[PDB]
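please find the sequence and an experimentally derived structure below.
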Number of protein chains: 2
Amino acid sequence: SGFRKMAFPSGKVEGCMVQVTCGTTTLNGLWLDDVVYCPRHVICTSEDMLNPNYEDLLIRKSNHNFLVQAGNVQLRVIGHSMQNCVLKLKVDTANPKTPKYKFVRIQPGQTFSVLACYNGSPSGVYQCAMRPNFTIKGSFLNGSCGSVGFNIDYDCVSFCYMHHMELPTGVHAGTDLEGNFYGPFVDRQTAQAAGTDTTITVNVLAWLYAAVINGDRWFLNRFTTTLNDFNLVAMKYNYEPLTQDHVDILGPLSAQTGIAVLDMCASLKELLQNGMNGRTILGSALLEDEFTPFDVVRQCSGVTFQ
Amino acid sequence: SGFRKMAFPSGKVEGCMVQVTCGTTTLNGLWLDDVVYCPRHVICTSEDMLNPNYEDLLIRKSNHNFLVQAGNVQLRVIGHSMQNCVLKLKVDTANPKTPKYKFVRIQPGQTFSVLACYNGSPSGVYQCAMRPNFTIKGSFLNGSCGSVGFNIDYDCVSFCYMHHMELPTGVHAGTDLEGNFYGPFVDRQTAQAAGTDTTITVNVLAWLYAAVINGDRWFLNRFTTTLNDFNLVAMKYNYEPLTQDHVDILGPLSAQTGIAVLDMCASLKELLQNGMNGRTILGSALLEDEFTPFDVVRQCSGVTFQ
Ligand SMILES: *[C@H](O)[C@H](C[C@@H]1CCNC1=O)NC(=O)[C@@H]1[C@H]2CCC[C@H]2CN1C(=O)COc1ccc(Cl)cc1Cl
Ligand SMILES: *[C@H](O)[C@H](C[C@@H]1CCNC1=O)NC(=O)[C@@H]1[C@H]2CCC[C@H]2CN1C(=O)COc1ccc(Cl)cc1Cl
């Protein structure tokens, strides 16, 4: 037992990370087969991030402008093209450590692992959720752009995130690996801001089920509630509405614990209206919302990845 | 910015993980050069974990009894010996992915990354601290024994933990890689229990400094306190005593923030006596104690590992 915010093993992604330098900008790239993917703002100079113009800027670039370090080994760039907000640097060597992979785009409420990198070298790994407002609460310093987020499904890496920027509240914004931003953000220096967030209701319920599985039961009650009347309380506390599909997705956790989903909702209702009264749940004094039902089932059953 | 509980990239350890099967027991082993390390209780049968006798049990074993799977490739065991509570299985192949490594033993209060494994296959990675009572609050199911904990210092893996067991409160106990248990636990089924824990004071202060660096300042005050009189409050709230060496270790974080260590202690004192009054620190409603000063400096400065 135990419940711990768990990332996927990072080895398969570590072997894809490289350093991309152009002009005075150094950031990270992702090397898969003979392409290096990286944020297009590597082409820019401090005065370019005012109102930059990437098509104009890119036509002025040459392949030799792009220095790509794979560890202590340099790669010729033999072509370059923009795809939305990422660059694709075509190189003369396919990465022999290319895992099986997919480029997927995730939904707010879904989680993934981030391999934070600097100068093409992995620094650490941690789990994040895509917030309802399309930001992530990460840990990113200068030079971390191009770090990727991912999930692993048996032997296949599903890349879902590439880091581009921090917003003024200290949250982070980026793109999918096709270069399309998550949320209404642009890779320019503007006054852009996150915008209002909500709590991921279905994930809180999943985490309450994780707590029960691990022996925290004090918040359980015999009360129940209707889906409609729970959702009236959810809206009050700036929680997302719970749908019948959410109820269905929580079925297996409901079956394992013997606690009906709507009964767990009645527990959440009481927690929202009364607080915790000095008690904790899975070592937290807050209702936690960055574990999906999948994350709970995975950890409270022990699935691996070769 | 941001502050997130971060593990080391796990790739170097993933390449060392193997499956060890003997009789009906399957667990994980660590393959370095031509030795596989694993918990000695793999040699035992359900009725052996009552009062088992590992020297007697091991002399009755044969090399061929030990099935070692390195992925989809089998390794002949060519020798075996016990070292304290671990077995060393000498195999006919050196692991070509052996990183540079050391076997170190850590102090309570120190942190490390755990690569949870099942059937020799990595499942997930997360950060743990060695509690003052020599337990760790992990996430471990059946078949996870032999998973290791580690730190990485530039290119060198310092293995510090190998998992052996869960205790009745849901915490976990194991050994260093020389097979010596952390704390007063034995690899037998007894009524053993964790025993009283305390909060790691110097780590809480480090995390308060991490909060300031990231813009949480509401808990700061102009108050100050003496080391002696802080420690009177610490004892009251079952926090560890703060030593002058702890104060020294917090120096760099004090210098970066401009908040004297003793002033931060005065802030902690107020937090302990008053609580948080509905506010949070780095997304937590509890005083967090599993980040060391090193962990804070590392993450709030961006060190990597090749
Ligand atoms: C890329 O390495 C960089 C990552 C940033 C730096 C600090 N934390 C991060 O996540 N990205 C940027 O510097 C981007 C840059 C590309 C697109 C727009 C440009 C501005 N930008 C920002 O992140 C701006 O915001 C910001 C916020 C807070 C701090 Cl302390 C620093 C910055 Cl640069
Ligand atoms: C090894 O894979 C196993 C890991 C355990 C299993 C559940 N969580 C864990 O961390 N270790 C054991 O089963 C050990 C075994 C070797 C030494 C003494 C023997 C008893 N033991 C325990 O962990 C006993 O405790 C325990 C506690 C709670 C549960 Cl749900 C299950 C167990 Cl087995």
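Cool, got the structure. Residues are numbered from 1 along each chain as shown, chains lettered A, B, ... in the order given. Ligands and ions are numbered 1, 2, ... in the order given.

quick check: the residue of chain A nearest ligand 1.
The nearest approach of chain A to ligand 1 comes at residue A:145, 2.9 Å away (CB to the nearest ligand atom). Quick note: C-beta positions are derived from backbone N, CA and C, even for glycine.

surely that residue touches residue A:40?
No: between residue A:145 and residue A:40 there is no contact under CB atoms under 8 Å: 10.3 Å.

which strand residues bridge the closest residue to residue A:151 other than its chain neighbours?
Leaving aside its sequence neighbours, residue A:151 sits nearest to residue A:158 (CB to CB, 6 or more residues apart in numbering or on different chains; 4.8 Å). Beta bridges link residue A:158 to residue A:102, residue A:151, judged by DSSP bridges.

from residue A:35, how far off is residue A:16?
Computed as CB to CB, to the nearest Å, the residue A:16 to residue A:35 distance reads 11 Å.

of those two, who's got more company?
More crowded of residue A:16 and residue A:35, by other CB atoms under 10 Å in any protein chain shown: residue A:16, with 24 against 18.

my guess is that one meets residue A:33, correct?
No: when contacts are counted by CB under 8 Å, residue A:16 is not listed as touching residue A:33 (10.1 Å).

contacts only, for residue A:108.
A:130, A:131, A:132, A:133, A:134, A:200 (CB atoms under 8 Å, 6 or more residues apart in numbering or on different chains).

which of the residues you listed sit farthest apart?
A:134 and A:200 (12.9 Å; CB to CB).

the two: who's more crowded?
Taking neighbours as other CB under 10 Å, residue A:134 and residue A:200 compare with residue A:200 leading, 26 against 18.

contact partners for that one?
Counting by CB under 8 Å, 6+ apart, residue A:200 touches A:108, A:109, A:129, A:132, A:240, A:289, A:290.

swap in 6 Å and give it another go.
Taking CB atoms under 6 Å, 6 or more residues apart in numbering or on different chains, we find residue A:200 in contact with A:109, A:289.

please apply the same query to residue A:177.
A:103, A:159, A:162.

let's go with 7 Å and repeat that
A:37, A:103, A:159, A:162 (CB atoms under 7 Å, 6 or more residues apart in numbering or on different chains).

can you tell me how far residue A:56 is from residue A:43?
Taken as CB to CB, the span from residue A:56 to residue A:43 is 10 Å.

more neighbours: which of the two?
Legend: neighbour count by other CB under 10 Å for residue A:56 and residue A:43, higher for residue A:43 (22 against 9).

shouldn't that one be in contact with residue A:60?
No: using CB atoms under 7 Å, residue A:43 is not in contact with residue A:60, being 8.6 Å away.

quickly find the element holding the residue of the stretch 51-200 of chain A found nearest ligand 2.
Distance from ligand 2 to each residue of the stretch 51-200 of chain A (CB to the nearest ligand atom) is smallest for residue A:127, at 21.0 Å. Taking DSSP states H and E as the criterion, the element that holds residue A:127 is strand A:121-129.

quick one: check that strand for contact with chain B.
Yes: shown here: strand A:121-129 in contact with chain B (CB under 7 Å from any CB of the partner chain) through A:121, A:122, A:123, A:124, A:125, A:126.

and stretch A:257-265, what's buried?
A:257, A:259, A:261, A:262, A:263, A:264, A:265 (16 or more other CB atoms under 10 Å in any protein chain shown).

which residues touch the nearest residue to residue A:55 once chain neighbours are set aside?
Distance criterion CB to CB, 6+ apart; nearest residue to residue A:55, sequence neighbours excluded, is residue A:82 at 7.2 Å. When contacts are counted by CB under 7 Å, 6+ apart, residue A:82 touches A:40, A:54, A:58.

check residue A:225 too.
Going by CB under 7 Å, 6+ apart, residue A:225 touches A:262, A:265, A:266, A:269.

quick check, the third one in contact with residue A:226.
No: counting by CB under 7 Å, residue A:226 is not a contact partner of residue A:266; they are 9.7 Å apart.

looking at it, residue A:133 is touching residue A:193, isn't it?
No: applying CB under 7 Å, one finds residue A:133 not in contact with residue A:193, separated by 9.8 Å.

not counting its neighbours along the chain, what's nearest residue A:97?
Of all residues not flanking residue A:97 in the chain, residue A:15 sits nearest, at 3.5 Å (CB to CB, 6+ apart).

tell me the phi and psi of the one you found?
As for residue A:15, its main-chain torsions (degrees, to the nearest 10) stand at phi -70, psi -10.

how about residue A:27?
The phi/psi pair for residue A:27 (degrees, to the nearest 10) is phi -150, psi -170.

ok, residue A:8 touching residue A:151?
Yes: with contact defined as CB under 7 Å, residue A:8 counts as touching residue A:151 (6.5 Å).

find the residues that touch each one of the two.
residue A:113.

pick out whichever of these two has more residues nearby.
For residue A:8 versus residue A:151, neighbours defined as other CB under 10 Å are more numerous around residue A:8 (24 against 20).

need the contact list for that one.
Contacts here follow CB under 7 Å, 6+ apart; on that basis residue A:8 touches A:113, A:150, A:151, A:152, A:305, B:124.

and what of residue A:231?
Taking CB under 7 Å, 6+ apart, we find residue A:231 in contact with A:241, A:242.

what about the helices in the stretch 201-306 of chain A?
Under the criterion DSSP state H, counting those that start in this stretch, the stretch 201-306 of chain A carries helices at the ranges A:201-213, A:227-236, A:244-249, A:251-257, A:261-274, A:293-299.

mind listing what's buried in the third one?
Taking 16+ other CB under 10 Å as the neighbour-count basis, helix A:244-249 is seen to contain the buried residues A:246, A:247, A:249.

kindly report the same for the fourth one.
With burial defined by 16+ other CB under 10 Å, the residues of helix A:251-257 counted as buried are A:253, A:254, A:257.

from residue B:167, how far out is the residue nearest to residue A:217 when sequence neighbours are not counted?
Spatial nearest neighbour of residue A:217, chain neighbours left out: residue A:211 (7.8 Å); criterion: CB to CB, 6+ apart. To residue B:167, residue A:211 is 19 Å away according to CB to CB.

quick one: residues contacting the closest residue to residue A:9 other than its chain neighbours.
Nearest residue to residue A:9 in three dimensions, chain neighbours excluded: residue B:122, at 4.0 Å (CB to CB, 6+ apart). With contacts defined as CB under 7 Å, 6+ apart, residue B:122 is in contact with A:9, A:304, A:305, B:10, B:14, B:17, B:115.

likewise residue A:247?
Neighbour list for residue A:247: A:227, A:261 [criterion: CB under 7 Å, 6+ apart].

up against ligand 2, what does the stretch 51-200 of chain A have?
By CB under 6 Å from any ligand atom, no residue of the stretch 51-200 of chain A approaches ligand 2.

show me which residues of the stretch 51-200 of chain A are close to chain B?
Counting by CB under 7 Å from any CB, the stretch 51-200 of chain A sits next to chain B at A:71, A:115, A:118-119, A:121-126, A:137-141, A:143, A:166, A:170, A:172.

give me the distance between residue A:130 and residue A:289.
For residue A:130, the distance to residue A:289 - CB to CB - is 12 Å.
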